[PDB]
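One letter stands for each residue in the lines below.
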Amino acid sequence: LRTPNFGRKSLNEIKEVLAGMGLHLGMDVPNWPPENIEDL
DNA sequence: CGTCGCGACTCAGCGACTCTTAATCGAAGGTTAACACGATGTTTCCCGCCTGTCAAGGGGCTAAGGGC
């Protein structure tokens, strides 16, 4: 809801795709791996 | 009553295939008449058809925001 082209049409498909990959809606630190320390 | 006329006979003789089984390193040298059209390929561009860009335009579908 902060930028355009992010309405209700595509609001849960991206979250489902991210969860299927192995991650989830959060469950980590905000901007934790934002440096080259955990780069791979 | 002998042999030889005439026959086979096996004996020699002459030719001829392989060199275990895995492995130590890759290729390897000569022979030196002249010319001519013709039919036969060889090689270059050149357009023909066609294939492939991205763009322009547009609409139609999908979706997101605002109002009652």
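Residues numbered from 1 in each chain as written, not as in the entry; some residues may be left out. Chains lettered and ligands numbered in written order. Part of a larger assembly, values for the part shown. Heavy atoms only, no water. Residues with missing side-chain atoms left out of burial classes, pairs and counts.

As documented in the archive entry, the model was determined using cryo-EM at 3.8 Å resolution.

A separate point is the overall build of chain A. A tally of helices and strands in chain A yields 1 helix and 0 strands. With the C-alpha coordinates aligned to their principal axes, the bounding extent of chain A is approximately 35 × 25 × 15 Å. (Helix = DSSP H or I, 4+ residues; strand = E, 2+ residues; numbered from the N terminus.)

Turning our eyes to something else, we now look at unusual backbone geometry. Excluding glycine, most residues fall at negative phi; most peptide bonds, likewise, are trans. Here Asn 5, not a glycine, exhibits a phi torsion of approximately 60°, which is positive. The phi dihedral of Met 27 is positive, around 60°, even though this residue is not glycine. Secondary-structure assignment places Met 27 in the segment after α1 (13–21).

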